[PDB]
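Here's the letter readout for the chains.
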Amino acid sequence: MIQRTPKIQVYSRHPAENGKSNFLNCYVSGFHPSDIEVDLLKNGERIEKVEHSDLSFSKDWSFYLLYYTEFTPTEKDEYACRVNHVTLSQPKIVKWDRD
Amino acid sequence: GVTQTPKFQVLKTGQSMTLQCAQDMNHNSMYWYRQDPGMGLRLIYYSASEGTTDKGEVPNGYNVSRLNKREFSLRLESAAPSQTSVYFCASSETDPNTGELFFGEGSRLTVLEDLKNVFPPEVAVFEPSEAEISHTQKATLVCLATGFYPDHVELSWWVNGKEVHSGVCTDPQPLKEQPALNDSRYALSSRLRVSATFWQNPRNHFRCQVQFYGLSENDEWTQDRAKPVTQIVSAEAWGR
Amino acid sequence: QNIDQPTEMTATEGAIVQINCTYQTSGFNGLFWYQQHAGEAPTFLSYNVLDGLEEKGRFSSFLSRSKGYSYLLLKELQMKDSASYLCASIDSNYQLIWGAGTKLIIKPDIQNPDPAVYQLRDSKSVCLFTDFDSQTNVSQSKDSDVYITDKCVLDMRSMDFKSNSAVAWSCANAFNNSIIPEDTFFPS
Amino acid sequence: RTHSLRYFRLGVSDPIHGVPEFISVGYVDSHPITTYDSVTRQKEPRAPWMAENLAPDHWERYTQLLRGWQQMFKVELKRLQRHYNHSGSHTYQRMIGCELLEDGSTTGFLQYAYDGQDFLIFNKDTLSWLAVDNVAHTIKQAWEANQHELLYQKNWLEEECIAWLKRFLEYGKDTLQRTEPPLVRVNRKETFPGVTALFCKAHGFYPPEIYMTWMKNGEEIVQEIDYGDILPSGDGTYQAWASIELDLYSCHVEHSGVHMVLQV
């Protein structure tokens, strides 16, 4: 049984500018099987107001999802996306590279 | 394949009825249709697979149960005269079906306001005309089953205790005795043609048998005349 | 939409019959032909979804998608072919729509007609109009207390003999509402 | 413009962590239009323009079908697991659909996957199934014996699917047939000493299809180009990028019949 680990991409809706209101996105794709757990973090702490797309299907048989939240980027704030999947021994925290 | 019960039933308005249907073909999909003159089969209810059922085109007054993979019952909780019809159960491997739809034998249901209009047939055999025998060297016996209600009869000919099919013609449908009346009684005819040599043998015995489907043991009867139960009414004739 | 097929069709024994069916203008997932003898369950004949003619013994089913029609072709007709033929089609939502059915009547080829009206007496009266040719039609009498049955075809399989017959009951006046052969025998 | 209609089915044996045993989703291009799962046991629209044009009575027939299809999937996956001598949780997948291309021509496809790998691929031109292994070969023989089902699928792929696609394109025209041009920029930066990185970044575009390339003196680059995925921005628009390491460079962007050049 071949299992495919998720591709995790953390980016903002618009080009990031310190002090300007934006949306932080976490796009999780190319995973198989479908059971997955995603959380968006602000300084290691899980964000409550997080919206997401329903589980989606790709032509290559894998799945994708988009998790997003409204945020105002600042120099002092660290953002990440924590993903859990069967292919992972521990949850994978993927930090936002700040655009 | 598809086993459907009962073939015949007379109900009084308000009575409950369950139509049974079973298939041993491991089919997923089951259906209940009704057939009425002048129109195409109409779906009452269907079951796409075990664990699901849904309304068809004509669900009002009926309900269903997909009891298991094999069985699909049709219930009439309070029978109404409009429910008088021919009911067919059917099954297909899956839904949508592109293959054979397998039908049950059919259930003929009659719903009446009063069972007082139910009558068994009067049966009579008309011996062949001497002019026919002399002119064609053939002899035609005519059987008449008259005064029955509802139109649920099966006519058969028996020669010397054995059922015959060769040389027989039975009317496919009975004719209404009072055409203008909604509750008219019915009449049916059949002919059996034998050679004159066969008719002229005095040892030959001919019998017309009419099977009638009417009331059952559980039906309450209060009239002076005999209870018009499911019965066999015959008439016999001997040769020459 | 609608599934349209003729109510009734009449053809002669041994000849060819084509039963047409025009279907729904919206959505198509296939067309079926079913056979149904009087008092019997419908039985499957064919399923067509693409264009062409599918042949299965004496029966062929044609489908034209562009023209929106199908036909059931019956060759070398037999008396056993007397039945109703039901057309049904699957729509865009996979729902089966049934046509009202086409009743097929087969006229037997009567080799030696001998039309006659006989009077039959009970074994405990009735008039028999028999041995007439298949072109002869039997009308229903206007008289309320006179009962007349439609033409019935009998087969004496041991003698390869077929005959048409009608029964009347309430003699020379019994079949007066129907056009009967001029050569009809009226015994005394 | 090219458009597609797709229906997927996903089956899971022995699911854990709230995962449904069965999911079915329909799409028009990138957009979900319909959803069904083994929890809801109901087919529902997933786009406002589907709900607005199809009466709740339309989904009634699809609910029944999907319940039947959910049951067949459960049975088929149990059979597949037996053939492979497999225990535990395994997945079964189906994809059916069609594309209406720009030139007016069409495509249709029907495929199955066991554990996310190709299993059976339908060939509507020869009316046959292409099998990856001997277990698939066994299924292929059982399915190929049913001539009626095969002709029905070819018809559905070529005719019905296209008629549905065209109908859904009309319902969702304000979404599906719109064009939002890209906002493109070129950023230049010195990375490792001596190494200059040029990034061509596009955002705010719809449809997601975009062609982004780097050219050197009007001709194509024989050096390594890095490509960013076309990503959803979360507002119905997309973003993408392309980078090169500068050793006269220009970024060429094509989107919906509009060509755009950004020289460095």
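The deposited coordinates for this entry were obtained by X-ray crystallography, with a reported resolution of 2.40 Å.

Caption draft 1: Inspection of the sheet that holds strand 6 (residues 59-64) of chain C at higher detail. Residue and element names in this part refer to chain C. Spatial ordering of the open sheet is given by 2-7-6-5, a layout of four strands whose pairing is antiparallel. The sheet terminates laterally at strand 2 (17-22) and strand 5 (52-56), the two strands that pair on one side only. Going from strand to strand, the sheet's axes swing by 15 degrees on average, the running direction of each strand aside. Looking at chain direction, strand 6 and strand 7 (residues 69-74) are connected through six bridges and run antiparallel. Paired with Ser 61 across the bridge in strand 7 is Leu 72.

Caption draft 2: Region of the structure containing the packing of helix 2 (residues 58-83) of chain D against helix 3 (residues 134-144) of chain D. Residues and elements named next belong to chain D. Across the interface, helix 2 lies against helix 3 with an axial gap of 10 Å and an inter-helix angle of 135 degrees. Overall, the two elements helix 2 and helix 3 adopt an arrangement that is oblique. In terms of crossing hand, the pair formed by helix 2 and helix 3 is right-handed. Facing helix 2, whose interface residues are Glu 76, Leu 80 and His 83, helix 3 presents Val 135, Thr 138, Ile 139 and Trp 143. Looking at the contact of helix 2 with helix 3, its residues break down into four nonpolar, two polar and one charged.

Caption draft 3: Fine view of the nonpolar core. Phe 103 of chain B together with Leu 5 and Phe 168 of chain D are the most contacted members of the largest nonpolar core, which has 103 residues in total. Ranked by the residues each element gives to this core, the list is headed by helix 4 (residues 147-171) of chain D, at eleven residues. Each residue touching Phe 168 of chain D, except ones within four places of it in the same chain, is listed here: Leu 5, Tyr 7, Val 28, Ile 33, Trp 49, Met 50, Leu 54 and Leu 176 of chain D.

Caption draft 4: Expanded view of helix 2 of chain D. Taking 1.5 Å per residue, 26 residues should reach 38 Å; helix 2 of chain D reaches 38 Å between its end C-alpha atoms and fits that length. A positive backbone phi angle near 60 degrees is found at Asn 85 of chain D, which sits one or two residues after helix 2 of chain D.

Caption draft 5: Expanded view of the domain arrangement of chain D. Residues and elements named next belong to chain D. You can read the domains of chain D as domain 1 (1-178) and domain 2 (179-264). Taken together, the contact between domain 1 and domain 2 spans seven residues of the former and nine residues of the latter. Buried area between domain 1 and domain 2, summed over both chains or domains, comes out near 520 Å², and the portion from carbon and sulfur atoms is 37%. Among the residues domain 1 hides against domain 2, the three largest losses belong to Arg 1, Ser 30 and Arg 178. Together they make up 86% of the total. Linking domain 1 with domain 2 are one salt bridge, by the criterion used here. Close ionic contact of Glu 180 with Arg 178 constitutes a salt bridge, the shortest N to O distance being 3.0 Å. Across the domain 1-domain 2 interface, the total number found is four residue pairs in polar contact.

Caption draft 6: Representation of the UniProt feature "binding site: 7-hydroxy-6-methyl-8-(1-D-ribityl)lumazine" in chain D in the model. Sequence positions flagged by UniProt for "binding site: 7-hydroxy-6-methyl-8-(1-D-ribityl)lumazine" are, in local numbering, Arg 9, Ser 24, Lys 43, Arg 94, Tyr 152 and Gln 153 of chain D. The annotated residues occupy 145 residues of the chain and do not converge on a single region, their most distant C-alpha atoms lying 22.8 Å apart. Residue placement: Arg 9 of chain D occurs in strand 1 (residues 3-12). Not counting chain neighbours up to four residues away, the residues in contact with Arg 9 of chain D comprise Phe 57 of chain A together with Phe 22, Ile 23, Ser 24, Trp 69, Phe 73, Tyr 92, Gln 93 and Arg 94 of chain D. Judged by its relative accessible area of 6%, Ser 24 of chain D is buried.

Caption draft 7: Focus on the interface of chain B and chain C. Residue-level contacts link 48 residues of chain B with 46 residues of chain C. Those elements that provide at least two residues to the side of chain B that touches chain C are strand 4 (29-35), strand 12 (122-127), helix 1 (130-136), strand 13 (138-148), strand 16 (168-170), strand 17 (175-176), strand 18 (186-195) and strand 20 (231-238) of chain B. The element contributing the most residues to the side of chain B that touches chain C is strand 18 of chain B, with six residues. Where strand 12 of chain B meets strand 11 (residues 116-122) of chain C, two bridges bridge the pair, whose relative direction is antiparallel. Across the sheet, residue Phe 126 of chain B finds its bridge partner in strand 11 of chain C, namely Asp 122 of chain C.

Caption draft 8: Molecular detail of the arrangement of the chains. Where four pairs of chains are in contact, the pair with the most contacts is made of chains B and C. Spatially, chain A and chain C are disjoint, and the shortest separation between their C-alpha atoms is 24 Å.

Caption draft 9: Layout of the pattern of salt bridges. Residues and elements named next belong to chain D. Inspection of the entire model under this criterion finds 23 salt bridges over all chains. Close ionic contact of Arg 6 with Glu 99 constitutes a salt bridge, the shortest N to O distance being 3.5 Å. In this pair, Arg 6 is assigned in strand 1 and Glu 99 in strand 5 (residues 91-100), connecting sequence segments 93 residues apart. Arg 6 gets classed as buried once you look at its relative accessible area, which sits at 18%. According to the relative accessible area criterion, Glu 99 is partly exposed, its value standing at 22%. Note that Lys 124 is salt-bridged to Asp 125, the shortest N-O span being 3.8 Å. Among the residues examined, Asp 125 registers a relative accessible area of 63% and is labelled exposed. One continuous salt-bridge network, built from bridges that share partners, spans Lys 124, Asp 125, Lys 154 and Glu 158.

Calculation notes
Residues numbered from 1 in each chain as written, not as in the entry; some residues may be left out. Chains lettered and ligands numbered in written order. Heavy atoms only, no water. Residues with missing side-chain atoms left out of burial classes, pairs and counts. Pairing = 2+ DSSP bridges. Helix = DSSP H or I, 4+ residues; strand = E, 2+ residues; numbered from the N terminus. Axes fitted to C-alpha atoms, helices over the stretch in contact; angles between N-to-C directions. Parallel < 35°, antiparallel > 145°, perpendicular 65-115°, else oblique. Left-handed = near helix turned anticlockwise from the far one by under 90°. Contact = heavy atoms within 4.5 Å. Nonpolar A, V, L, I, M, F, W, Y, C, P; charged D, E, K, R; others polar. Core = buried A, V, L, I, M, F, W, Y, C linked by side-chain atoms within 4.5 Å. Buried < 20%, exposed > 50% of the residue type's maximum accessible area, 1.4 Å probe, protein only. Expected span 1.5 Å × (residues − 1). Domains from an automatic or database assignment. Buried area = accessible area lost by both parts, 1.4 Å probe. Salt bridge = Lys/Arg side-chain N within 4 Å of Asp/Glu carboxyl O. Polar contact = N/O pair within 3.5 Å; in protein donor to acceptor, adjacent residues only side chain to side chain. UniProt positions renumbered as here; feature names shortened; annotations may be inferred.

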